[PDB]
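Everything on this sheet refers to the single structure shown next.
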Amino acid sequence: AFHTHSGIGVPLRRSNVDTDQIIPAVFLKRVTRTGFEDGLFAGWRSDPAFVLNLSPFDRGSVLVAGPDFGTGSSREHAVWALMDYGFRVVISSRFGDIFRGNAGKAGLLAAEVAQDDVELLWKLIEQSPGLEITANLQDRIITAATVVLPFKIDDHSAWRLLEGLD
């Protein structure tokens with residue numbers, strides 16, 4: 001279940017965010033499957049001025065990231081970390097291939113959007129922290145304030161999300 005998700009958008013101006021940054025290896029074991037929320041961005045969250053430590057971004061569930069998010073040797077874990085923290089949508093102009101595949105299978109919506117449109121969303125969120133971004137899977141659009149943007153997702157991913165096979 002899910003044709004639409006709404007949540008506080010979190011601006012993250014970082015390119016080539018790789019698996020190790022999303023969830024550091026020290027947190028992993030191979031049979032563990034719960035409680036990855038503390039390991040999400042665990043290194044970056046050491047700084048009290050990291051965006052995820054700031055209200056109201058600390059309660060966000062829609063992540064707006066730089067190009068090539070989820071890059072490197074992806075992990076189901078990286079997707080697990082985001083999900084456990086409470087993020088249901090990641091927006092980027094380009095995803096790591098392995099990461100994108102894994103996202104849909106895991107109940108996380110990875111929306112690819114034009115970079116022009118990424119910089120646009122960053123501005124909205126940064127001028128108005130708390131602004132909510134909506135992702136509509138039926139129409140394949142992202143909405144923020146009165147700005148409406150198309151996004152791409154492969155139909156197999158869409159089908160897994162819509163069928164709620166999380």
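Every chain in the structure tokens has a letter given in the order shown (A, B, ...), and although residue numbers restart at 1 in each chain, ligands are simply numbered from 1 in the order shown.
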Contact residues around stretch 92-106 of chain A with only C-alpha atoms at 10 Å, ignoring same-chain residues under 4 positions, as a ChimeraX atom specification: /A:12,15-19,63-80,82-83,88,110-119,151-162,164-166
Residues within 10 Å of residue A:143, please, as a PDB file with C-alpha atoms, in the first residue's frame. Count only C-alpha atoms; anything in the same chain fewer than 5 positions from it doesn't count.
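Final output, result-v6.pdb:
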ATOM      1  CA  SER A   6       4.435  13.062   2.221  1.00  0.00           C
ATOM      2  CA  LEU A 121      14.013  21.509  -4.200  1.00  0.00           C
ATOM      3  CA  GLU A 132       6.934  18.819   2.953  1.00  0.00           C
ATOM      4  CA  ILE A 133       7.761  17.017  -0.292  1.00  0.00           C
ATOM      5  CA  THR A 134       5.137  14.693  -1.752  1.00  0.00           C
ATOM      6  CA  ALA A 135       5.901  11.753  -4.043  1.00  0.00           C
ATOM      7  CA  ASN A 136       2.990  10.410  -6.103  1.00  0.00           C
ATOM      8  CA  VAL A 148       5.416  20.102  -9.543  1.00  0.00           C
ATOM      9  CA  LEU A 149       8.197  17.943 -10.990  1.00  0.00           C
ATOM     10  CA  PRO A 150       8.218  14.682 -12.900  1.00  0.00           C
TER      11      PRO A 150
END
Counting only C-alpha atoms, what are the residues of stretch 52-156 of chain A within 6 Å of stretch 27-41 of chain A, and for each of them which pair of atoms is the nearest and at what distance in Å, to one decimal? Sort the table by chain and rising number, as a tab-separated table.
residue	atom	partner	partner_atom	distance
A:81	CA	A:36	CA	4.7
A:84	CA	A:37	CA	5.0
A:85	CA	A:37	CA	4.3
For those residues, write C-alpha atoms to a file as a PDB file, in the first residue's frame.
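again_1.pdb was written with the following content:
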ATOM      1  CA  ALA A  81      19.435   2.055   7.371  1.00  0.00           C
ATOM      2  CA  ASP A  84      14.679   2.126   9.757  1.00  0.00           C
ATOM      3  CA  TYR A  85      15.445   5.795  10.322  1.00  0.00           C
TER       4      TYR A  85
END
What are the DSSP strand (DSSP E or B) residues of stretch 14-163 of chain A, as number ranges by chain? A: 18, 62-65, 69, 71, 89-92, 95, 109-112, 132-136, 141-144, 147-150, 152
Gap from atom CA of residue A:122 to atom CA of residue A:23 - Å, one decimal: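 That distance, rounded to one decimal, is 23.1 Å.
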Find the residue from A:9, A:130, A:24, A:86 that sits nearest to residue A:42; use only C-alpha atoms when measuring. A:24
